[PDB]
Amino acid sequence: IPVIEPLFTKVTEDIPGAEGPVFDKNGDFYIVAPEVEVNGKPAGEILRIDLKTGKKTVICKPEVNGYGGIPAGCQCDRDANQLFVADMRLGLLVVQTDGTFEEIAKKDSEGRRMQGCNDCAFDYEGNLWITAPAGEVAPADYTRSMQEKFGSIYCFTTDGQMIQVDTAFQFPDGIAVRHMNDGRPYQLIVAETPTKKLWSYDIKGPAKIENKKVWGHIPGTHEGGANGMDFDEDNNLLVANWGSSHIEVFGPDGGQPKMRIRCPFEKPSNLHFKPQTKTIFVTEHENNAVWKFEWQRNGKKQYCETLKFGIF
């Protein structure tokens, strides 16, 4: 397997549990610090980063009824410049650029308690697919499915339904939607960290997935595995392999990686392309910092970059 060593440039530092890098509709850059704590209690933050100075601005420090959040993953909406944030303690949140937020669901469509979420990914239809490796959201005691298979997957539909689409995962983490060349969603890829596996489903429609299949294998025997992920414009899936010092590059069909990217750190946690560029911003937990490097090509256009009222 060929391996490349591009130059990684420091972007910002000192972000506890650096994670969920994302760009909004204005091109502003954000990341989350899920592990910031106050008196040992969860006090996660959502930060805006000045790409030119690297200076940090905490725009939101979520909390519901006294319970602080553990914001871990993000996706920028299209129909409004707002961020959907997966939170390990509060579930799904919608965060405005002004820092105000709202908790989306305390229970799912079947009336069962919502679970803590980790990452999410919009399909071009506007449906948000979410991973939920944690147990019930606050005020329930904090737990994670690293050892027991109770992690779940959700789909938040355009009509506002929070539907659990599957469960029994051992820490579902990164997630991504593979689209047909004409833009139709048809494959959901889910990372299950400890098992060193990438799972896929055939997307049949909103909150409808079938045929769970082992899609790809993550290299290494180290503690950790697939964390965050994203597709480039050719539909190659780049996955942060936490603990391996590499970002794995899978081809459209999966299987084994067809290439690897060596990082100047051991724990890449998540990544995200800057719109209209080949630049990938990476969050990592060895130094709790954010970096950037140039990929061989541009990233797959995110849902927020598409036009709802376009002709084509």
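Note that residue numbering begins at 1 and tracks the sequence as displayed.
- Stretch comparison (48 to 56 versus 29 to 37) by mean CA B-factor in the PDB entry places 48 to 56 on top.
- Higher mean CA B-factor, judged across 126 to 134 and 219 to 227 from the recorded values: 219 to 227.
- When the C-alpha B factors of 185, 73, 151, 91 are read from the deposited coordinates, the top value falls at 185.
- Per the deposited record, 110 carries the highest C-alpha B-factor of all listed residues (110, 173, 232, 77).
- Among the modelled residues of its chain, residue 203 has a C-alpha B-factor that falls in the middle third according to the deposited record.
- Per-chain ranking of the deposited C-alpha B factor places residue 16 in the highest third.
- Residue-level temperature factors show residue 211 in the highest third of its chain, judged at the C-alpha atom.
- Placement of the Cα temperature factor of residue 87 within the chain: lowest third of the modelled residues, per the deposited record.
- The PDB entry assigns residue 155 a C-alpha temperature factor belonging to the lowest third of its chain's modelled residues.
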